[PDB]
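Below is one structure, written out as structure tokens; the observations come after it.
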Amino acid sequence: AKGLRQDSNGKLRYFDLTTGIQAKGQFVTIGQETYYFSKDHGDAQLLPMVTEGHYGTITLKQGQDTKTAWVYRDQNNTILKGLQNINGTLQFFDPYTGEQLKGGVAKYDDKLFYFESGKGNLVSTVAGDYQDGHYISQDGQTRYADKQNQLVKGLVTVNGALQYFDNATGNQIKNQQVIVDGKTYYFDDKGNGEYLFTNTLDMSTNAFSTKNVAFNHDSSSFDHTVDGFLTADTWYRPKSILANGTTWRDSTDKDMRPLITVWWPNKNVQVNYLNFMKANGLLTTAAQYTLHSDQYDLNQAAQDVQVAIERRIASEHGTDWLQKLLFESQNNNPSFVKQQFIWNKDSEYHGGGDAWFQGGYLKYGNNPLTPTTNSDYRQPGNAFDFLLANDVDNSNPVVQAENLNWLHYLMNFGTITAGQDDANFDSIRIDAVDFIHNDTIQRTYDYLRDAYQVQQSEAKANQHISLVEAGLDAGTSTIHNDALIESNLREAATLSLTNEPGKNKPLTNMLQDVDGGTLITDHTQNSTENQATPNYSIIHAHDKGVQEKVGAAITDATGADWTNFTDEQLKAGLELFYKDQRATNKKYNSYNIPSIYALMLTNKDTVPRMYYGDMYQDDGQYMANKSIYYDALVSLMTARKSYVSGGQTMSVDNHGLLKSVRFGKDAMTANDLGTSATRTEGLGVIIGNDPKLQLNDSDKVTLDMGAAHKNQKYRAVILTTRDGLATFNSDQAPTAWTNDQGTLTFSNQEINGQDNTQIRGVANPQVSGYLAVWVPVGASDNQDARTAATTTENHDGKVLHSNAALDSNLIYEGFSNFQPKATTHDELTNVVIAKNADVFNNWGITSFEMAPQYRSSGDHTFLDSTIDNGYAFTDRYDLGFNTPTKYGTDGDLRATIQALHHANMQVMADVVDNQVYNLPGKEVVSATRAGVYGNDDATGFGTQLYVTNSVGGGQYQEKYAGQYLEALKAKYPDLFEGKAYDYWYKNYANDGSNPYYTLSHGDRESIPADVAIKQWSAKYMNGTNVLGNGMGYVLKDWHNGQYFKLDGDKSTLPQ
Ligand SMILES: [Ca+2]
């Protein structure tokens, strides 16, 4: 007795065709209908299918809260209750409320069944259902005891959640896949369950399936196969073909058929493959195929699909139609492959607190089957690891030799490409310094010590001033002060200034420059030098406090998310953006920008960097549209070049107004007389964040300008007015005197009837509080307040020091993310810069930080590759050859670089060692889900072999990569040897107190010269962003987890 038949007595039962077992207490799908058979003696029960039905939501308050419940309801508003059969799946609804049950259990024929978290289809029999009982901890394990003191074993629901416990011991399984009655479930690090896919039974190779076996294990018989692994998109060559669904004939070498028509990874896929064919008229049948259908029926069904297929192949004398059917998209829907859970992003489990960008990451690992993509290293060696794209493994010796080789290329770009020596870069900027290994950072600085001797003297250090994207947390950097780091000014400004009226904290935070507890510099009484940490102050940058905020206007009146959009949508955004920026009340923009630039450009012990986007607007081309802040900013820069020097003394009086002041070259405190040049130097700033401020007639605000400035005339540089700020670049401006002491006394009245000299609250586009800058009258036409860096020898092993000489420098971040693409050669950014070389030198810019000049991948994966700023690149050696980059060609870059050298500036090469975008070539590697911190994530993806987009490069990487290494090892052999070093390490205190730094120790290995990364591959990467291929993309026998591989002694699936 096997199949559906009725016995001697009344009614009908069911028997497994395969085994012979009677179905009782189970679900089976026999031909058309789906049934349930009873616990009693298996007498059956019909579950009619529901075609046509609304599917919606209602409100129900049971007792506590009004919940909004989901319901099915048929066409006719009758809300369907109890167990129902819907599209050949079984979902369950509460018969009282009508609510859909998904991720839970239900009593049905004194038997508890479970429904998946997702769609809420019936997948398996659950063992026990517990609200009574409690947890226990025994032997360092976790377990669960019933109400009656005894243990629970196996798969049960504990307090509404699904969980599982070892059948022998009762140990709760955690962070592991496990099979229960052929169903694979995943249980998280906490222990809570989730269904994945029902596994097939896998039966004996019969008459028919004999001839669908693979012709041989050679490579020729298979295709679409990365590194010898079978993917879902693999076509194979059978031993024989069923010509026209009739004549079995030996297969020829030109014959191929798709693996997914004969083999499947789980029963889910197989059931969906059949019902898919039913839809597209390759299997005309009144039969219905569910997760409860007999394997025999499903496999027989799979053979009838081939019969019908082979007809259509015979007809069309080819198989391009099928390729199109299974693998390409149909009727604006995902393809058949992608529809499947095991072959899409849904089984990758994207997102999570730790997954900052592109929905998380995939940390590569090692595996016997994949000896090409295996790596001994892949250690992060820094606070963070993964950020974007394909994270490059910088712990690797060959990658460290390649990072030097690229450095040397950039540092000698002119000399290499065009034989032009004045066309080279001088300084660098390490992009994402906390995201790359310290070894290559250490080794990077060593190159700059070896090639330019920056440690020797501050004259040589200052000519090649480099900097990073980090605070004190970049330990390798701060240890010997090899580069500048970002001050806390930006943050400090963000609380006490950049917010709207009423949401601004007091300006006492701006007195000191502290990076979470540790002090960077204290402006209160800054009289000494060579003390503070070499740093750079900013308020905006290409990415910091802009992309966030610009995006804001883009999405409103446009809706496109900030990572991908059309040029039109961008242009429409920026319109509203700049249209808000010029207003008094600013939704998307920041307040008091000039006041903030005033601080940056007057504060001691910092090298401020100007942001292009604050002076010019991106609605127009490069240096095309001036911003509202332009005049204000140009004046302050001009003030700095001529006046700002000497010591600093900043305070906040009782009225709430910052009073920064500088005393001039030589003079370090308010009592110091100083040299004759001091008299016409040093300015005084007054700032305020109360636009509703109104001092009364008795109130007096003062600026003690110092003992050098007794009885001297002082003229305004910047003055707050009703409409904005009255700028002044010359002694032609309102003036005011100091008393016998040396003190500019102001008040709510005008100074000698000079309008706009009085102190008061004001609300206007360029300032929401008060801003006034004052310098001494009688400056020379060619005065300079800047101190020239000594050729003086340094023995203390520091590179950069904070002194007059360094504070004389002024960096310029000369690009934006949201520039439009030029329409002509003249409108391109690197030509414009070359034209306007003197315009920067006049403002007193010393360092000019260009945009990474690398060809963008233009894959619209992330913002950086949407708007093509140059951080998103494949060939990192291509700086605009042949076809231009956003900024220019390689000819235009060399023209720019020389234009800056001729205008006495240094040029910064922005170095991105972290990641690389869009590498077309494919490889198989073991990947596991991870977060920025290079940490394993507890996901149902687990650890799988994944086809990653890791092989690639470009024409110019082939050419240049690795080539200058043997050169370099000759000249500077110390770069290539091993080396011990020290670096700081930020510790976060658990008790909610301030962090603290501790000296850590490091040892970089030696590196090779001979080995060259001509192109990238898996083995030189730490990992890759989630690609969305799927958990089961590299195919494997999910019963036992054996991967398929093509060797002489292959592990073939068609078997
Ligand atoms: Ca990294």
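Please note that chains go A, B, ... in the order of the structure tokens, that every chain numbers its residues from 1, and that ligands are numbered from 1 in the order shown.
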Per residue of chain A within 7 Å of ligand 1, record the nearest atom pair and its distance in Å to one decimal, counting only C-alpha atoms and all ligand atoms, with rows in chain order and ascending residue number, as a Markdown table.
```
| residue | atom | partner | partner_atom_place_in_ligand_line | distance |
| --- | --- | --- | --- | --- |
| A:380 | CA | ligand 1 | 1 (Ca) | 6.1 |
| A:385 | CA | ligand 1 | 1 (Ca) | 4.1 |
| A:386 | CA | ligand 1 | 1 (Ca) | 5.4 |
| A:391 | CA | ligand 1 | 1 (Ca) | 5.3 |
| A:392 | CA | ligand 1 | 1 (Ca) | 5.7 |
| A:393 | CA | ligand 1 | 1 (Ca) | 6.0 |
| A:394 | CA | ligand 1 | 1 (Ca) | 6.6 |
| A:435 | CA | ligand 1 | 1 (Ca) | 4.8 |
| A:436 | CA | ligand 1 | 1 (Ca) | 4.1 |
| A:437 | CA | ligand 1 | 1 (Ca) | 6.6 |
| A:914 | CA | ligand 1 | 1 (Ca) | 5.2 |
| A:1022 | CA | ligand 1 | 1 (Ca) | 6.8 |
```
Spatial neighbours of residue 814 (chain A), 10 Å, only C-alpha atoms, chain gap at least 5 places, as a count of residues only: 16
Secondary structure check, strand (DSSP E) residues of region 847-948 of chain A, as a PyMOL selection string: chain A and resi 847-849+906-911+915-916+921-930+943-948
CA of residue 805 (chain A) to CA of residue 523 (chain A), distance in Å rounded to a single decimal: 17.8 Å
All residues 9 Å or closer to region 585-600 of chain A, only C-alpha atoms, same chain fewer than 6 positions away omitted, as a PyMOL selection string: chain A and resi 489-490+493-494+497-501+510+536-539+545-546+549-550+552-553+577-578+606-610+614+629+632-633+636-637+660+685-689+763-773
Among the residues A:76, A:909, A:39, A:954, the one that comes closest to residue 412 (chain A) [using only C-alpha atoms]: A:909
Set out as a tab-separated table a contact list for region 577-687 of chain A and region 727-733 of chain A with a cut-off of 8 Å, giving each residue of region 577-687 of chain A that qualifies its closest atom pair and distance in Å to one decimal, counting only C-alpha atoms, ordered by chain and rising residue number.
```
residue	atom	partner	partner_atom	distance
A:631	CA	A:727	CA	6.6
A:632	CA	A:727	CA	5.9
A:635	CA	A:729	CA	5.7
A:638	CA	A:729	CA	7.0
A:639	CA	A:729	CA	7.4
```
Residue neighbourhood residue 208 (chain A), 12 Å, only C-alpha atoms, exclusion window fewer than 5 positions, as a VMD selection string: chain A and resid 213 238 to 242 245 to 246 248 262 299 to 300 302 to 304 306 to 307
Atomic distance CA of residue 272 (chain A) - CA of residue 35 (chain A), expressed in Å with one decimal: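 Distance reported for this atom pair: 19.4 Å.
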Selection: 9 Å around residue 116 (chain A), only C-alpha atoms, excl. self and same-chain fewer than 4 positions, as a ChimeraX atom specification: /A:102-104,120-123,194-196
